[PDB]
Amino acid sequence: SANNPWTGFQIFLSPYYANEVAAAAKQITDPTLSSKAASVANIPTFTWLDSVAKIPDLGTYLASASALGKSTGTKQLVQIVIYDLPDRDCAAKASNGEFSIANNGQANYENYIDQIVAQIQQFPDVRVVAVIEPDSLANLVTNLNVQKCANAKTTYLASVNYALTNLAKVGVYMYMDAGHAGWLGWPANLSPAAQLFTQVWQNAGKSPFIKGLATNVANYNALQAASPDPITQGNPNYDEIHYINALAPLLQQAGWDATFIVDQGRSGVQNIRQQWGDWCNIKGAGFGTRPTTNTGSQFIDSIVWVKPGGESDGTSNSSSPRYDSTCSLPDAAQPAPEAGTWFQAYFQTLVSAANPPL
């Protein structure tokens, strides 16, 4: 649409991912692949606020971006993921979310949002783009038969509402997570999804800062596939562009001219999954299209890298209290370390298999 949050801004590069990548490139023995790997630190990624412990880091990133913009004559943009719902990941076998509905989860989550808002408030010269709660609202479309999700529904809705309402007060541009083509892009899921996202947008006051939806976050789908991945049989929306082309008009009819961002950080290699639902450390993934507003679609503001490729999706150690057995499937790279920790072998393949090449 008229106002693309990225136009005219320089994206602040994550220092944490930069540290991980430089350390990783040092361990890659081939010199040429090593320099390819090091250049990944110059590719903008999203910073995940997956716990309250990450909020002080948000503060430093905002302050660093502010000073960088003044130093270089630019306007800076910081990319964040809001990811700390109580009873997080309600349909999963394991979750690493620190908050529970049973232990004041709503109030704890509000305080998490309040601390984030208090940081952002202090740096009005820095633009912020936030992905709102991956693996949350999409469960309320398809997974209400999961008892943990059914019992979490009112909390997910209330907490996402609190995030939208209060981050809007400090001008954050917001994209609600909306799964991917193999989750909500099934034609039969489109209208239920549109009805839910519209109701959430309405509850938060239809703020213009609620720009739309984020798709393929931490997943592996093509934006535009050469041919349908065999995992997609039965779904005519076999890539993200088909999904977005089908969902966007439904939102527009509800009065919400929604735009989209699409994760492609691990989409360089297609046809690597046995089943579409397999999401953990999928073996053979490559870095995909680098972030750009040259998206090829009226509905898509930016291709983005939301999930930082190289950080594990989960351990394959079945004795871990955080073990999700999805991470032991035949198409999951193994052995894999705990979620969020660096997975060096996986990063090296992401670099080697990058498409386009690095």
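Note that residue numbering begins at 1 and tracks the sequence as displayed.
Where do the C-alpha atoms have the higher mean temperature factor in this entry, in 29-37 or in 57-65? Per the deposited B-factors, the answer is 29-37.
So which stretch wins on mean C-alpha B-factor, 193-201 or 210-218? Between 210-218 and 193-201, it is 193-201 that shows the higher mean C-alpha B-factor.
Member of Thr289, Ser302, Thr47, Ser328 with the greatest C-alpha B factor (per the PDB record): Of the options given, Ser328 has the highest CA B-factor in the PDB entry.
Comparing recorded Cα B-factors across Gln76, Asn166, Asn271, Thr259, which one is largest? Going by the entry's C-alpha B-factors, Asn271 comes out highest.
Please rank the C-alpha B-factors of the chain's modelled residues and tell me whether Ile11 sits in the lowest, middle or highest third. For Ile11, whose C-alpha B-factor we compare with every modelled residue in the chain, the answer is the lowest third.
Select lowest, middle or highest to describe the third in which the CA B-factor of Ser227 falls within its chain in this entry. Highest third - that is where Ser227 ends up once the chain's C-alpha B-factors are sorted.
Based on the deposited C-alpha B factors for this chain, I'd like to know if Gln119 is in the lowest, middle or highest third. Within its chain, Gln119 is a middle-third residue by C-alpha B-factor, going by the deposited values.
So where's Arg266 on the chain's Cα temperature factor ranking, which third? Lowest third - that is where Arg266 ends up once the chain's C-alpha B-factors are sorted.
Quick one: classify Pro134 as lowest, middle or highest third of the chain based on its Cα B-factor. Lowest third of the chain for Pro134's C-alpha B-factor.
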